[PDB]
Every structure is written in structure tokens, then in C-alpha cells.
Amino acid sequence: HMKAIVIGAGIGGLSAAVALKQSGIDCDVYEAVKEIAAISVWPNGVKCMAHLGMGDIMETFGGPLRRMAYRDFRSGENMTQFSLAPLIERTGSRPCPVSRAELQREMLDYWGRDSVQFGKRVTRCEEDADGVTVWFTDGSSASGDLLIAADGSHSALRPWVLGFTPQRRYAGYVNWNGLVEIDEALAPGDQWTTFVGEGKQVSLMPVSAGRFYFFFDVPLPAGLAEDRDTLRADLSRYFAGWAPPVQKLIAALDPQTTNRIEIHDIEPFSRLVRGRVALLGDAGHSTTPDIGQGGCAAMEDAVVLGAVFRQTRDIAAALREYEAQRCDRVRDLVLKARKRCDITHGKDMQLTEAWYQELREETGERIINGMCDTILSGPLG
């Protein structure tokens, strides 16, 4: 009946395809790559997955995160440590940290790999009275009634929707991330533990199967001559003097499976749709990962997208309502992440010092309340 073309088979595209199908819309999913660390899916994200029929993925693969702590970088002592039980009670779902690999594999399995066309890199969309068409680098094309551009932070379709080409803004820090086996010599196995100091941080969080998702953050200029070959040396020098658990992590990680990402965001857009085409996921909003809401927001995007089509077939009207519901939400998330990034990574070391001070006096009430505000502001409340 109604055909949606979905570009991108990441969290966004697969969630959108699942949501559109829930609403009786047939989706063909296209993905540029020919084949193939972790994210923390907070309760708003979890509730969305559950709404989408993918609740089992979260529950099964979400690591046992039960409490959190911040530790002094030099001494390794707790500044604050507390349970997240109240977070779970107030929001109705637990936070589910999950390895990217497993999450991708499970979502693809849920949708169906044979219903995704791989090696299809979109370059262009065109809309006429009757529908929309896309072209792929391999020379092929495809037509449908609706187009979902979930093609990522470097989205090729975004400029057609906005009429100009947004540029990524370097956020001023570098993130190294990966997975290691759990060891209490590093930190507790059911805890989100972060060492903070010097505008840097080192974080450990449990995913499934007795592993930690880890990440190192260092404020630095973009473009340094660093990669997996210099990796262990880079970390050793950026985290010189840091408590023993940090040195132990640097020694346990495998540089060859560790990722180095220069963190960017994009100034928020005031538009998400044009005619039969909607931006979704990173294509429509690209945030620093500082509050862990990028993947969550893509899932939220999909829930709303599905909702607006549940009882209409007026595409332009449905997308205008999608845009109305999502635009201010994702603007706030991007900006809130940016603020958190600047505080955590020493944009103004005094504010950052002030923050460390707050962490020493922190009972968890404040942190949990802030987390709830972000979560409860999502579409499923």
C-alpha cells in the first residue's frame, strides 16, 4: 500500500522501519556499507525499544548497571557513590548499557537482514507530485511514498532537506573507547565508575557477559598524529599520575580494538522535514555523547514517527507533526550535552573545578533528579 524508503541501517533506520511497520507501512531499508564499543540506553530509550517490540533486546543484553560513582583522579577515592534504584523506580525502566555490536546484530535480526539492501549509498533524492525517488552510487534508484533519511551525522540527504550544508563543530575533546573483561581491580562490576580530574575522565560501565565498556576523554586540539599504533603511549602520557586502577586499564585494553574519536556536534536545526522526507537519528540531530542520549533520541524519533502515521495517511501532515514533536526535544538534548561537555572537559577550568566540588558534596539526589528531567521529557514520559 504505502511504501517508505529508509536510508541507513543503524539504530535510527532500523528503529524507524520497525515503527513504520507497526503502523502498517511497508519499508525498504537501504545501507551504504557492504557489511557491518557500547552505548548506555537510558530508561527513555529502553521504554521506546519496548514500545517498538524490541524490549527483549534491552533486557537480555543490557548490562547489570545498579549504581554509580565518581572517583578522584589522583587518589582513586570515591567523591560520590550511590544507587540508581530510585532512578529505576521513578522512570519505570532500568538503564541498559549494551555493546554496539550486539545491539546492531539484534536489531538487524529483528527487522530481517534480507529486508536490508546493502552496498546502496544514496546520493540524491527528488520529490514530484506522486512520490519521492533516491539514487545510489551504484547507478540504481528507488521510489516510494515517504523517505526517511537516517543516514548518520554525515548525512548525504540532510542538505536537500535543509537547503544548506551544516558543518560539524569540533567539541574540543577526544574519546578513546572499547571493551575489556570485568575486574574489581578496575572497579565494581555493577557500577558506572568514572575517574575525574584535569578536565579529563576515565569511565567504566558494565555491558553483558562480564565486560566493561570503557572510555577515556582528553581535551585536545583536533588533528593530532595519533591512532591505534600510538594509542597505549598516548593514554599513558595523558593519564600520567592517575590512580592505579587507571594504569591497570591502560595495560589491559587491546589498542587494536580500541577506537579514537574526535568528538563533534552540529548546531541544532530548526527543521527536520521537507515534503515527503524526514531526517531521523544523527542525520537530524548530532550531539556530543556527554549525556548518553544520541541513540536514545533516535529511538524516540522512531516512536513518534510511528505514532503520527498510526491514524493518518497524509504524509506531509504526519511529518509536520513529527517535526513539531521532535524539534525542540532534540535541540535541547544537543545543547544540554554541549553544556555538560564544556563543564566536564575544562572549557573554563574554574567551572570544571566548581563541578568537582559539587561531586564531593553529591548524595545522588541531584544527579538522579537531573537524569529524570532528561528522561521524563521524552515522548513516552
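In this text, residue numbers run from 1 along the sequence as written.
- Legend: mean Cα B-factor per stretch from the PDB entry, 151 to 159 versus 124 to 132; the higher mean is in 124 to 132.
- Legend: mean Cα B-factor per stretch from the PDB entry, 245 to 253 versus 291 to 299; the higher mean is in 245 to 253.
- In this structure the maximum Cα B-factor among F61, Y322, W42, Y356 is found at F61.
- The PDB entry assigns its highest CA temperature factor, among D109, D217, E267, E262, to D109.
- Sort the chain's modelled residues by C-alpha temperature factor and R271 lands in the middle third, per the entry.
- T363 sits in the highest third of its chain by CA B factor, as recorded in the PDB entry.
- Remark: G284 belongs to the lowest third of its chain, ranked by C-alpha B-factor as recorded.
- Among all modelled residues in its chain, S203 ranks in the middle third by Cα B-factor.
- Remark: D314 belongs to the middle third of its chain, ranked by C-alpha B-factor as recorded.
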